[PDB]
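Presented below is the structure to which this report refers.
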Amino acid sequence: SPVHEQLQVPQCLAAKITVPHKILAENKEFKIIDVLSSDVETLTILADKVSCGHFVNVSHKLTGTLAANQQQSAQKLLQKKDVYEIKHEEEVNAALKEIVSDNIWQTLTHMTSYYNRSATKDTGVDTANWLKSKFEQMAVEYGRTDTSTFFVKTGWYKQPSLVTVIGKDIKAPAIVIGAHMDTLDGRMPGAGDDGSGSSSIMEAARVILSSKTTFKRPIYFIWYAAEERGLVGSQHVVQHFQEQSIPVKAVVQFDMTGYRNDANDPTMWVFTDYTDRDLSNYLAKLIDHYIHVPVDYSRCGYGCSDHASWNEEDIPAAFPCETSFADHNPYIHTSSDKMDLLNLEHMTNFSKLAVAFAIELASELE
Ligand SMILES: [Zn+2]
Ligand SMILES: [Zn+2]
């Protein structure tokens with residue numbers, strides 16, 4: 001009766017695991033382990049202190065067709081030219097002026113008022129419904145007629161991922177902007193992680209929705225479910241896109257957009273592992289050109305956030321973040337991850353970055 005899940009874990013982290021678990025398979029860099037669903041969260045907290053990477057939930061990949069067991073499936077898992085330019089300055093600059101910082105603060109206020117937004121809880125489902133209806137309200141408010149919304153289910157997890165699209169009938173490789181809506185169990189305001197990213201892209205979506213521009217690509221805004229369970233929701237979303245043959249040009253992930261290590265240092269960080277090099281380089285250019293704050297670089301290890309799900313399928317993916325890995329918000333995944341830690345100018349800048357990304361890339365066709 002108790003649910004088991006299977007996780008892919010870097011060796012540096014797996015060596016320090018004390019909760020009960022079976023090892024299904026192992027190579028130089030990874031173990032794949034079997035744990036109780038109820039123990040997964042302690043692993044997240046351990047991963048935070050070990051700081052050598054997180055994990056990926058591979059439960060769904062082990063039930064894949066043309067396979068016998070789990071241990072044999074686990075062993076097979078562990079075995080063995082796009083140009084980006086800045087060409088829409090006038091349009092991007094006008095759009096950036098439309099961003100309303102108070103909207104981000106108010107969205108964030110609502111999200112943190114749930115006890116938590118865990119993928120196994122009804123409040124996790126409420127969050128998804130609330131985001132969906134907010135998107136739909138805004139589309140009506142600004143008379144944008146080419147939008148659509150739908151849920152992507154998350155297996156036995158209650159909370160679905162939310163997929164929204166602007167330009168639903170445009171047949172061209174899509175631009176994707178993402179964040180995750182969930183938190184851990186217990187009291188988890190999840191303001192920094194990832195209420196801030198969720199709120200930043202919601203306001204970016206508002207600005208695109210108020211636009212009268214016809215783009216050359218569809219633009220997706222996605223709030224993934226169950227990121228904290230090991231990227232479960234983004235894995236289902238990527239699978240949905242593959243099954244439905246929806247081509248994707250470029251993906252950006254917003255996971256934590258509000259914490260400044262130094263309140264007067266507005267530096268934005270570009271993460272360089274499990275991301276596309278050219279697209280990451282493009283993000284730095286966007287920040288420099290449109291946001292006019294410094295750029296620095298960091299790495300955050302395996303299973304870091306939902307961009308990794310896209311990157312694993314060789315889809316160009318990038319990840320800007322509020323801090324370096326070394327200086328990250330220390331109250332992450334605790335009840336102290338609150339709005340009072342955060343900087344609204346920082347969050348607004350990430351929201352501006354989402355809009356520039358969307359406009360620049362969706363306005364061009366290869
Ligand atoms: Zn996160
Ligand atoms: Zn997290």
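Naming scheme: A, B, ... for chains in displayed order of the structure tokens; residues 1 onward per chain; ligands 1 onward as shown.
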
Item checked: Contacts of residue 104 in chain A within 9 Å, only C-alpha atoms, excl. fewer than 2 positions in-chain, as a VMD selection string -> chain A and resid 100 to 102 106 to 109 196 198 to 203 344 347 to 348 351

Check: Near range 207-215 of chain A, counting only C-alpha atoms, which residues have an atom at most 8 Å away, once you skip same-chain residues fewer than 6 positions from it, shown as an MDAnalysis selection string?
Finding: chainID A and resid 95 98:99 138:139 142:144 166:167 355 359 362:363

What residues of the protein or nucleic acid chains come within 10 Å of ligand 2 when you use only C-alpha atoms and all ligand atoms? Reply as a compact mmCIF listing (two decimals) with C-alpha atoms, in the first residue's frame.
```txt
# COMPACT_ATOMS: atom_id res chain seq x y z
CA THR A 44 15.60 17.17 -0.75
CA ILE A 45 16.66 18.70 2.59
CA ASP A 48 20.38 21.21 0.14
CA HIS A 54 19.67 17.08 -6.43
CA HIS A 180 7.07 25.62 -11.03
CA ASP A 182 4.62 23.58 -6.08
CA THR A 183 6.38 23.40 -2.71
CA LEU A 184 7.32 20.67 -0.27
CA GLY A 190 7.57 29.00 -0.93
CA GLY A 192 11.39 32.62 -3.12
CA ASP A 193 11.05 29.04 -4.31
CA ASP A 194 9.15 29.24 -6.54
CA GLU A 227 9.12 20.02 -9.45
CA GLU A 228 10.06 19.36 -5.81
CA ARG A 229 9.37 15.64 -6.29
CA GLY A 230 12.25 15.41 -8.77
CA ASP A 255 13.13 29.27 -10.55
CA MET A 256 13.74 31.85 -7.81
CA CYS A 304 18.41 21.43 -10.49
CA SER A 305 15.14 22.63 -12.07
CA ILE A 332 14.76 27.62 0.80
CA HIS A 333 12.49 24.60 1.50
CA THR A 334 11.65 25.90 4.98
```

Checklist line | Expected answer as a ChimeraX atom specification: alpha helix (DSSP H) residues in range 79-317 of chain A | finding: /A:89-96,101-111,122-141,196-209,232-243,277-286,307-311

Note to self: Can you pull out the residues contacting residue 28 in chain A? Cut-off 10 Å, using only C-alpha atoms, and skip same-chain residues under 5 positions away; I want them as a PyMOL selection string.
What the structure shows: chain A and resi 10-11+78

Next item on the list: Record the distance separating CA of residue 273 in chain A and CA of residue 236 in chain A, expressed in Å with one decimal.
Entry: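 Computed distance, CA of residue 273 in chain A to CA of residue 236 in chain A, equals 21.8 Å.
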
Next item on the list: Find the residues near residue 176 in chain A: any atom within 12 Å, counting only C-alpha atoms, skip ones fewer than 5 places away on the same chain, and give them as a PyMOL selection string.
Entry: chain A and resi 163-166+201+205+217-224+234+237-238+241+246-254+306-307+310+315-318+354-355+357-359+361-362

Next item on the list: Please indicate the distance in Å from CA of residue 150 in chain A to CA of residue 129 in chain A, rounded to one decimal place.
Entry: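 Computing it gives 10.3 Å between the two atoms.
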
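Of the listed residues (A:239, A:257, A:145, A:127), A:257 comes nearest to ligand 1; the distances count only C-alpha atoms and all ligand atoms.
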
Next item on the list: Compare A:172, A:191, A:263, A:162 by their minimum atom-to-atom distance to residue 225 in chain A, counting only C-alpha atoms, and give me the closest one.
Entry: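 So, comparing all the options, the nearest one is A:162.
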
Item checked: Closest of A:245, A:329, A:79, A:349 to ligand 1 - atom-to-atom distances counting only C-alpha atoms and all ligand atoms -> A:329

Check: Near residue 338 in chain A, counting only C-alpha atoms, which residues have an atom at most 8 Å away, once you skip same-chain residues fewer than 2 positions from it, shown as a PyMOL selection string?
Finding: chain A and resi 112+189-192+335-336+340-342

As an mmCIF file with N, CA, C and O atoms, in the first residue's frame, please: the residues near range 298-303 of chain A (cut-off 10 Å, only C-alpha atoms, same-chain neighbours under 6 positions excluded).
```
data_model
loop_
_atom_site.group_PDB
_atom_site.id
_atom_site.type_symbol
_atom_site.label_atom_id
_atom_site.label_comp_id
_atom_site.auth_asym_id
_atom_site.auth_seq_id
_atom_site.Cartn_x
_atom_site.Cartn_y
_atom_site.Cartn_z
ATOM 1 N N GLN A 8 16.852 8.867 -9.544
ATOM 2 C CA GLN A 8 18.233 8.899 -9.982
ATOM 3 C C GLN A 8 19.019 9.939 -9.171
ATOM 4 O O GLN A 8 18.656 11.120 -9.120
ATOM 5 N N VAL A 9 20.088 9.481 -8.526
ATOM 6 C CA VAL A 9 20.827 10.287 -7.554
ATOM 7 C C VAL A 9 22.326 10.289 -7.851
ATOM 8 O O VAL A 9 22.908 9.223 -8.025
ATOM 9 N N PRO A 10 22.961 11.476 -7.867
ATOM 10 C CA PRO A 10 24.413 11.552 -8.043
ATOM 11 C C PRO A 10 25.123 10.835 -6.904
ATOM 12 O O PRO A 10 24.660 10.904 -5.761
ATOM 13 N N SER A 51 24.811 20.029 -1.109
ATOM 14 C CA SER A 51 25.139 20.980 -2.176
ATOM 15 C C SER A 51 26.064 20.413 -3.251
ATOM 16 O O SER A 51 27.028 21.065 -3.655
ATOM 17 N N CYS A 52 25.778 19.209 -3.721
ATOM 18 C CA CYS A 52 26.518 18.659 -4.854
ATOM 19 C C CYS A 52 25.554 18.243 -5.967
ATOM 20 O O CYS A 52 25.954 17.616 -6.947
ATOM 21 N N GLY A 53 24.291 18.639 -5.825
ATOM 22 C CA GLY A 53 23.256 18.322 -6.791
ATOM 23 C C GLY A 53 22.019 17.717 -6.150
ATOM 24 O O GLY A 53 22.045 17.333 -4.976
ATOM 25 N N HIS A 54 20.928 17.665 -6.910
ATOM 26 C CA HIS A 54 19.669 17.082 -6.426
ATOM 27 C C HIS A 54 19.391 15.751 -7.120
ATOM 28 O O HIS A 54 20.303 15.000 -7.385
ATOM 29 N N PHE A 55 18.138 15.432 -7.381
ATOM 30 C CA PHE A 55 17.841 14.138 -7.975
ATOM 31 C C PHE A 55 16.727 14.272 -8.981
ATOM 32 O O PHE A 55 16.012 15.276 -8.986
ATOM 33 N N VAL A 56 16.571 13.246 -9.814
ATOM 34 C CA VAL A 56 15.489 13.195 -10.785
ATOM 35 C C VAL A 56 14.609 11.961 -10.530
ATOM 36 O O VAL A 56 15.106 10.846 -10.348
ATOM 37 N N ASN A 57 13.302 12.179 -10.500
ATOM 38 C CA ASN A 57 12.335 11.105 -10.298
ATOM 39 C C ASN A 57 12.191 10.318 -11.603
ATOM 40 O O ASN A 57 11.733 10.858 -12.602
ATOM 41 N N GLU A 227 7.690 19.879 -9.185
ATOM 42 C CA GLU A 227 9.119 20.023 -9.450
ATOM 43 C C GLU A 227 9.932 19.510 -8.267
ATOM 44 O O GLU A 227 11.003 18.926 -8.453
ATOM 45 N N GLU A 228 9.392 19.707 -7.062
ATOM 46 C CA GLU A 228 10.061 19.361 -5.814
ATOM 47 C C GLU A 228 10.098 17.853 -5.569
ATOM 48 O O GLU A 228 10.776 17.389 -4.658
ATOM 49 N N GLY A 230 11.238 15.880 -7.843
ATOM 50 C CA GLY A 230 12.253 15.414 -8.773
ATOM 51 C C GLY A 230 11.860 15.633 -10.233
ATOM 52 O O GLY A 230 12.021 14.735 -11.071
ATOM 53 N N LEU A 231 11.361 16.835 -10.529
ATOM 54 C CA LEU A 231 11.024 17.273 -11.895
ATOM 55 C C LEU A 231 9.938 16.436 -12.556
ATOM 56 O O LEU A 231 9.978 16.195 -13.755
ATOM 57 N N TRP A 269 22.172 35.996 -12.515
ATOM 58 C CA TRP A 269 23.081 34.868 -12.732
ATOM 59 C C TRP A 269 22.577 33.909 -13.810
ATOM 60 O O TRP A 269 21.402 33.537 -13.841
ATOM 61 N N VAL A 270 23.475 33.510 -14.697
ATOM 62 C CA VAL A 270 23.137 32.576 -15.762
ATOM 63 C C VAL A 270 23.752 31.225 -15.429
ATOM 64 O O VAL A 270 24.947 31.128 -15.152
ATOM 65 N N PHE A 271 22.930 30.181 -15.403
ATOM 66 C CA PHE A 271 23.453 28.877 -15.042
ATOM 67 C C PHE A 271 23.872 28.107 -16.281
ATOM 68 O O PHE A 271 23.203 28.142 -17.322
ATOM 69 N N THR A 272 25.020 27.448 -16.165
ATOM 70 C CA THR A 272 25.730 26.928 -17.322
ATOM 71 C C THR A 272 25.773 25.400 -17.401
ATOM 72 O O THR A 272 26.300 24.864 -18.367
ATOM 73 N N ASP A 273 25.264 24.690 -16.396
ATOM 74 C CA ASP A 273 25.223 23.228 -16.513
ATOM 75 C C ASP A 273 23.790 22.763 -16.818
ATOM 76 O O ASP A 273 22.823 23.402 -16.394
ATOM 77 N N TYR A 274 23.673 21.707 -17.631
ATOM 78 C CA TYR A 274 22.374 21.173 -18.078
ATOM 79 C C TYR A 274 21.567 22.247 -18.814
ATOM 80 O O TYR A 274 20.334 22.241 -18.793
ATOM 81 N N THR A 275 22.275 23.161 -19.474
ATOM 82 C CA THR A 275 21.639 24.196 -20.286
ATOM 83 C C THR A 275 22.338 24.305 -21.617
ATOM 84 O O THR A 275 23.474 23.865 -21.775
ATOM 85 N N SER A 309 14.682 18.923 -17.782
ATOM 86 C CA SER A 309 13.804 17.978 -18.476
ATOM 87 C C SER A 309 13.827 18.222 -19.975
ATOM 88 O O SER A 309 13.757 17.281 -20.759
ATOM 89 N N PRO A 320 18.191 31.471 -15.973
ATOM 90 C CA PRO A 320 18.658 32.627 -15.200
ATOM 91 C C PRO A 320 18.150 32.507 -13.763
ATOM 92 O O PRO A 320 17.048 32.012 -13.543
ATOM 93 N N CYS A 321 18.932 32.949 -12.795
ATOM 94 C CA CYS A 321 18.541 32.778 -11.401
ATOM 95 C C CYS A 321 18.945 33.993 -10.558
ATOM 96 O O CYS A 321 19.798 34.795 -10.969
ATOM 97 N N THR A 323 20.549 34.295 -7.663
ATOM 98 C CA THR A 323 21.870 34.294 -7.015
ATOM 99 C C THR A 323 22.784 33.238 -7.629
ATOM 100 O O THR A 323 22.333 32.405 -8.412
ATOM 101 N N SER A 324 24.059 33.257 -7.247
ATOM 102 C CA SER A 324 24.931 32.117 -7.506
ATOM 103 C C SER A 324 24.480 30.938 -6.660
ATOM 104 O O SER A 324 23.759 31.108 -5.666
ATOM 105 N N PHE A 325 24.927 29.745 -7.036
ATOM 106 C CA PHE A 325 24.622 28.554 -6.258
ATOM 107 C C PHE A 325 25.158 28.686 -4.833
ATOM 108 O O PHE A 325 24.465 28.378 -3.868
ATOM 109 N N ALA A 326 26.382 29.185 -4.715
ATOM 110 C CA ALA A 326 27.056 29.289 -3.432
ATOM 111 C C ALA A 326 26.343 30.261 -2.472
ATOM 112 O O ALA A 326 26.352 30.055 -1.270
#
```

Margin query: For a quick check of understanding, using only C-alpha atoms, which of A:158, A:21, A:260, A:97 has the smallest distance to residue 328 in chain A?
Written below: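 Under the stated criterion, the closest residue is A:260.
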
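With only C-alpha atoms and all ligand atoms as the atoms that count, the minimum distance from ligand 1 to the choices A:233, A:294, A:197, A:266 is reached by A:197.
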
Next item on the list: Point out the residue among A:345, A:327, A:5, A:322 with the least atom-to-atom distance to ligand 1, counting only C-alpha atoms and all ligand atoms.
Entry: A:322

Notebook entry, point to check: Hey, can you check how far CA of residue 159 in chain A sits from CA of residue 120 in chain A?
Noted result: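 So the answer is 6.6 Å.
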